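Subsequent text provides structure tokens for two forms of one protein chain, presented individually as structure 1 and structure 2.
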Structure 1
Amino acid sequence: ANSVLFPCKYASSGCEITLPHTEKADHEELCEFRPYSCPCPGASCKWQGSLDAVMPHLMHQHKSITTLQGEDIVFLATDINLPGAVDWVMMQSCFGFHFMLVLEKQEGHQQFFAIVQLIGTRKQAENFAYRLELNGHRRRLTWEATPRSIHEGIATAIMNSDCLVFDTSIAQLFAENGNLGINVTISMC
């Protein structure tokens, strides 16, 4: 109405936006010009930068991460019973975009968390859908959802169990000799 307009703290990065004190904090979390953290699971990489610098950062500092071409692929997590915290990471290239496919194992019983993350903006993320499948002897568990923008992260997603979640007992129904195959399918909508 008539409050004092205090501008965004990312205005010095091109955020030509000025708003009141009551809605400043809530813009800056969902701002386009906010910096992106490293999408890799775990806190080991403390990197930060822009969306355009992410792919470079991944390619330069994370050469170990493999990229498969295809809207429909198989993500084979190997040695799934190695005790302690364990991460699996890969990327999927489809629809002119890169997606990050993560499987986390968190330790009394151990639980698996599997999620897909668009390397792009939030609004870009809403155009897509992903599907994760585990397949066994007359058994099939399937999670489907909208991929998260790396701008959001998976921390709160994983904390809210807002993804494919399953314990090690399930794992054993779908795995052969410490190998779990996750049929990942990305699609548009």
Structure 2
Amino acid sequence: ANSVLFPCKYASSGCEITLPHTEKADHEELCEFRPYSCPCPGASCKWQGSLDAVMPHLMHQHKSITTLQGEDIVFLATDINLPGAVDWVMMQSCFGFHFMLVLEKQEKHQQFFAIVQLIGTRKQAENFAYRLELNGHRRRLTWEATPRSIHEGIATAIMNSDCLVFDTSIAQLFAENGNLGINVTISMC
């Protein structure tokens, strides 16, 4: 009688629908049951939810994250020299989306990694570029790349140095009064 149907790959998240194979990828791309992990670095939070639930999750459970508005902002990371492994996290709203800016300090001497991810898909992220600048007297260091999508996350890119990477000596060249300004410009491409 009927042909063989496939479960949606998000059946374990509650997705009841079964589909012919040709329709399966189309459906999973749009499935509201698709789970996303909390994108706030790094280990604490075990929340999972839908893509449209991520920004509300951040607003309700991570109140220390600020959200600036605009495509060209300044990310002031304060107290870059106070001891340990440390994270700074900020959201940036522009182009109808929210981008998360992360600066992570790792101990090795210390080094810093700065990266941007979009609360959105890879196909959406590929329409943007982000630029991180450090500005100092007669000095400028700039990184430009495509934002990571939250499904991809940022840990892999940081492991690969595929982001702005700089040491304590660099941070000191650019810091003022113990704080480091990072200019962040999101553009369409």
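The first residue in the sequence of structure 1 is number 1, and each one after it adds one. Each form is matched to the other, and the largest set of C-alpha atoms that superpose within 1.5 Å is called the rigid core.
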Report task. Have a look at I154, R34, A77, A85 and flag the one at the hinge, given that one rigid part turns against another between the two structures. Result -> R34
Query raised in the report: In degrees, what is the turn of the smaller rigid part relative to the larger one between the two structures?
Result: 69
**Report entry** Rigid-core-fitted C-alpha displacement of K9 between the two structures (angstrom)
**Finding:** 3.6
Query raised in the report: In Å, how large is the C-alpha displacement of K63 between the two structures after the rigid core is aligned?
Result: 1.9
Requested in this report: Quick one: how many Å does the C-alpha of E29 shift between the two structures once the rigid core is superposed?
Outcome: 12.5
